[PDB]
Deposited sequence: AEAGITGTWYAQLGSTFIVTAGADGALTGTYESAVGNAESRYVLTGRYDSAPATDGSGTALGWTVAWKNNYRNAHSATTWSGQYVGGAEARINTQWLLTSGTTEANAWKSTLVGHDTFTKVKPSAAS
């Protein structure tokens, strides 16, 4: 259900493998490819509710470093129109005095199509 390629409304793509142990591993997109890691409920309830998950990307790679990281929190909904609904937080490293403006909040939805 979760393993495979997902597309965000804006162009971004993520490729992920969901292990039997509750692990998420993959990449977020060559100068713009980045490593991701996360966890998920490997035994969800059967009564129709979604499957909880989360993952992180640090924005550094062989070609650039933005000195920041994003975390996504949300749930997988199965079916014909499968989707992953998230909210995210983006934190940048800052000095002592600019800490208050260090974190962005947003949201996103991913589909298979």
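**Student:** Comparing the deposited sequence against the modelled residues, what ranges come up empty for C-alpha?
**Tutor:** Going by the record, the segments left unmodelled (no C-alpha atoms) fall at 1 to 3, 33 to 37, 122 to 127.
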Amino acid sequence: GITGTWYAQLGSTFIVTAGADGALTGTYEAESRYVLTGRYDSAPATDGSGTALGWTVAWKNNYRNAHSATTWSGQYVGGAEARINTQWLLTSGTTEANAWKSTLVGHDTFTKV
From here on, numbers count along this sequence of modelled residues.
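**Student:** Once you work out the mean C-alpha B-factor for both 19 to 27 and 86 to 94 from the entry, which is higher?
**Tutor:** According to the PDB entry, the answer is 19 to 27.
**Student:** Averaging only over Cα atoms, indicate whether 3 to 11 or 104 to 112 has the higher B-factor in the PDB entry.
**Tutor:** Of 104 to 112 and 3 to 11, the stretch with the higher C-alpha B-factor average is 3 to 11.
**Student:** So among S73, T37, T46, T51, who wins on Cα B-factor in the entry?
**Tutor:** Of the candidates given, the C-alpha B-factor peaks at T46.
**Student:** Which third of the chain holds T56 when residues are ordered by C-alpha B factor: lowest, middle or highest?
**Tutor:** Within its chain, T56 is a lowest-third residue by C-alpha B-factor, going by the deposited values.
**Student:** Place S68 in the lowest, middle or highest third of its chain's C-alpha B-factors, as listed in the PDB entry.
**Tutor:** Lowest third - that is where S68 ends up once the chain's C-alpha B-factors are sorted.
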